[PDB]
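Every number here is computed from the coordinates shown, using simple stated rules; none is lab data. Virtual Cβ from ideal backbone geometry, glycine too; neighbours counted across all protein chains shown.
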RNA sequence: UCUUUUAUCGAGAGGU
Ligand SMILES: [Mg+2]
Ligand SMILES: [Zn+2]
Ligand SMILES: [Zn+2]
């Protein structure tokens, strides 16, 4: 087996027709296969110890059928939903966002390298944006070096005027990013993005080179920029914590009111529901509002360099419930839609009285993973995880 | 080890019951077919004679 | 109105009811009352609701094919073994299942 | 000694500091309960130490609460596959297979219970200098 | 033995990431390469190689 | 020790590793994108507490359900002459230059499993067959074939 | 030589979101109804509230593969202190005496609003901005 | 044009401030000192007899990591450019060790000082292992209980720190530049303040602190560098530095030779 | 056999493996396969590079 | 089982030139140099020095894959000067600097002891 | 099992600081001061010696089969 | 001038 043979490449268990694709061979030392990371989306694969399989052709007819039917560039667009599958993942995405900002300037000896990395570059170093006092390029230029020539794209996000104060929206004219931060909504897997446009224009192979170009540029820059997470990324101030702890206190106090009404027969019965179902529904609405209200508070305090806001703001990994469950309240625990039932007779744990129905008596966790967990709350959390 | 089987799915003999406080471990358990079946006693447990 | 229990052939004939728009979801009765075409449309609507409840989005010709294979002989032909095995295909194609 | 069918009838306090209800306000230490509907208790027992509810392969984890339970499960399943030293007579026995580690090192984050699992006279694992960086891109 | 038989010229191994390849390439070790093979026809355009 | 499994990707030598300001290089770099979606804070707390435990000179206590906070380790480490949240100024090993970002840094206790690539790689050209159906056989220690 | 030329007075400077980049709003002196909105780098040409700027717009400097400028040649740049290179991405001819020129300087932005006969020659494809004092 | 100002100088470590040069020349000097200073180390082991409680390659590993004295190692040739067979005298240094326990009570400790130089090319200063004092025993190789003979013979060859991390001379090399942060090459994380939340690098007094009324210059370059070199005794720091510069010069001369003869 | 030096112990006198022990695993012609003792690998080596053990010391390929 | 022998990171076989040069064609007076068995040390030490002479307009390098051992370099001056001569000049200058540094270090050492 | 020779991260030889460490632990010193007296400032060389598990003590008490 | 052997049934412990 030598360089540039087309081999079939497969992972079990294969589902949709994208899990069997023919790659080109490249001989390398050591004992493991190699993949470009952009093909981790149809395989449902990750490098945490998986295995895959390689099949080899033999005669010429089947090699022709592999190279002309089962290739990778001819599979970028999925017939399942009329939208692509392979996009930008992980560091390349986070740092392409960090690269295409409005306050990012590069000096010359670095631009020379960043331009010499691009395999499809021509040989015309573009003029800077600040000819004087000091030549300084930006990031949208050295990104626009990667995009081919003739592409047009126009996207409005939130209804912004063509002055762009929050740097949202997107305008690509002739392959030069005029304005717009490039993140997931553009170079991802969504319909109407960049990959779908170039795919439906300049051909499949050009779109098969775009990935390499962009990933090389962004990986070089981010290599010379660095990125890291710390424990201080998950620690809020003392101002918001008192606000959060108070919002829960009123929510908890509110609970005390609903229980009172239910015990003095002064509660409105909801249609189609017994008294106790309506009661349980009410409590849950109050507590879930509290968690969201508290979680929304912690999320908005955070400054403009809390790494987690960059990894979530880039849309690459995570979302709001993570910040909420690390900085505010862990919240509710569920078992089959209803809550921690009474295994013991008329009480949850033997550490509580009978007919006790305060928040923490039936699962409502009250802390955050930075502070800690009381034993009962830990037990209930383990129960929920076991359900999952 | 509890011999209830592997068929019939069901999520009642596999969950963690409330009366398992301190008599068995909550976290440690295998995965796959026998989740919740195989148990590992706590650190201060004992069997009568 | 959204009512429990199915009984279409009676609720269609009630004054005040728009008898043309009344719709159910037990498409067996829809077959026993409105024919095969309304049953096709209803079945498609059901699958579209089921898949569409959780954000996922399929493109249409696939679901239209699936619902136009179940109802293309005169009655509902479910996908298990009784509905399939009774066809006139080759013996090997049916024994390999 | 109490068992399971009796545990229904009793009433337990979690910590000794709870047997005499106090006379605070901190963001670091967690929020303990209140017993909202009980202006006077009559506790009848007391848990020795609440960390005894764990198993054997779960007492290896430091701070087994600042996590998420599927991770305590995954770790509780992988802690039984690590190399190390299984006995001190590996020279004279003749089993089928055996793995040994050159230079074992006892951990720097000890839970008290480790003292009884012989887990610092026959350790299984090494300390290491760890950094967290999106570097050249090979660590994804 | 008919729907899904066993095949030859197969390879099973572990994966690893590498950001310095192009989209449709793969990295075959040296051993798997010297074990697998390929039949080629001798013509007039390749007899030297 | 926190359910965070992973394999080796590439191996760098000493002078290429991002050496810190003092000369200490890290041995194992893991990836920030593995934390915020998995939420394992006890890994970070473990790293910090182990840093202080090594700086002052004793095995640090870490029993669940106690009183040990994070602000305490913060005050201790801040007193012993470092940045409280364990961040460091670090250089690039290639061109000796301050990275625009500080890196969380410290010793953690890692353990090594029993899954080796030298016990999983396999391939076949034309080995033996069976007798009943004359197909490839099932196995790895027998030059078997894949399904 | 120069296509446009005027003197402005910086009225409001917005920082807020970023550190290096500030956004200045300016109205002229010899005539109103000519508004300029610009983004600039602070740590190169720092500005302040209530100042004065000498602004010039020119399609070329001389009196393709870029290369470092020699210390022995000159242009229209040796008379100024802040020169940027930009592209035009929208030219509006709205109702009445109103023209809005949208010039993107390699990522930073500038909106120029003025009358017809004053700006009707700025219908190029690449613009140099030059700022003095 | 370059300058040197030694701050601390002694036997086996140096602390100096290297000034008025470029960046990649000092960095390339560091990498050269960590990667290419050809030293000497044990390479082959032929165990005649082992009856202890340690597997062989464990011992051969520990012997594989032992620092030897190598002042005159820039004259001996490599292992690949000697035309003999097996080995001779202008290509290796031969060591031998022999230890045994004698009695019923006791636990003899086989150290590294018990290595006896047998034959080597002379008269050069190699072979002998590094000793700290005039009494110190050194590295602890093995231990022997009742009736457990150990007798081995080792070969020692020359190498560099690219073929194995054992021929390396220096341990860790401290390096920094610009303490007060004036070039703005980095940014500091903070919760409240970026000044009352950071240590002060030991050298923040050698340069002056910036004025809070200063503007931002934009033509300066990293100029004054601070570095510190340690050793393990196999060499002495001045020899490490000089040999590093010498090796770099020889490399550049080699490339220039290729460019010239390629005409 | 098909040669008189198979399975006989060998020392290597040239190359990157100089001074290492081995055994002739296969000596088809000119290019031999010596099974090194030191790491678990069998290497290709020319027969000119080998010393064979005989009655008196290590002899070259004149045994 | 499949490991590259370490010494192959700095020992050159016979059928491999230490240095190979090929002229690029898309622009005039620009050449591509190919270095074997070298890393960031030589490449950077040359790059930062060539990136200063007021007659070289574009110089850069890259290492293609860190598992192998080589790097490639792009050099473009102006019309008057031929790049090869400039490269040689840079080598000579750097050697001179190193010599001076060694001298002054030895003096300061013999004074400091 | 037994004290290493080099370190693991930097390579500063710590194979001759076990006897002095034990002997300084007989005199009632503290680990922090017993390492501040052995000259170990970077905490990698410190963790190399602070967390060692000496096992050969056991491996000897099994009578020799040879 | 090649060639060159790995039972069988069943049970369990595991990895994605
Ligand atoms: Mg996986
Ligand atoms: Zn010799
Ligand atoms: Zn160290």
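A few remarks follow.
- Relative to the longest principal axis of the Cα atoms of chain C, the long axis of helix C:60-70 lies at roughly 80 degrees.
- Neighbouring partner chain Cβ atoms per residue of E:36-44, average, 10 Å criterion: 3
- Angle between chain F longest axis and helix F:41-56 axis [Cα atoms, degrees, rounded to 10]: 60 degrees
- Cα gyration tensor shape of chain I, rounded if a/c is under 1.5, else prolate or oblate by comparing a/b with b/c: rounded
- On the basis of the beta-carbon distance and an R0 of 25 Å, residue K:27 and residue D:118 show a calculated FRET efficiency of 0.30.
- For the protein assembly as shown, the antiparallel share of DSSP beta bridges with both residues in that region comes to about 90%.
- Anisotropy class of segment A:81-170 from Cα gyration tensor, a/c 1.5 cut: oblate
- Highest-fluctuation residue, J:39, J:14, J:55 considered, GNM on chain J with Cα pairs under 10 Å: J:14
- Each label was represented as a point 7 Å from its Cα along the Cα-to-Cβ direction; for residue A:60 and residue G:132 these points are 7.5 nm apart.
- Residues of segment E:1-33 with amide N under 12 Å of the 7 Å Cα→Cβ point at residue F:135: E:1-8
- Taking other Cβ atoms within 10 Å as a rough exposure proxy, F:100, H:17 sort from fewest to most as F:100, H:17.
- Global form of the protein assembly as shown, assessed from the alpha-carbon gyration tensor, a/c cut-off 1.5: rounded
- Panel order for J:16, H:73, by other beta carbons found within 10 Å of each beta carbon, from fewest to most: J:16, H:73.
- Protection proxy ranking of C:10-20, A:353-363, F:44-54 - average other beta-carbon atoms within 10 Å, highest first: F:44-54, A:353-363, C:10-20
- As a size descriptor, the averaged projected area of the C-alpha convex hull of chain H was calculated at 23.0 nm².
- Taking the empirical scaling 2.2 N^0.38 Å for compact globular proteins as reference, chain D has a Cα radius of gyration ratio of 1.51.
- In the protein assembly as shown, the calculated helix contribution to ellipticity at 222 nm averages -7000 deg cm²/dmol per residue, counting -39,500 (n - 2.57) for every DSSP H run with n ≥ 4.
- Rounded to 10°, Cα long-axis angle of helix A:275-301 versus longest principal axis of chain A: 50 degrees
- With neighbour counts taken as other beta-carbon atoms within 10 Å, the residues A:260, H:203 rank, fewest first, as A:260, H:203.
- Taking label positions 7 Å along the Cα-Cβ direction at both residue D:94 and residue J:12, the computed distance is 5.7 nm, reported to one decimal.
- Across peptide H:185-196, the average count of Cβ atoms from other chains found within 10 Å of a residue's Cβ is 4.
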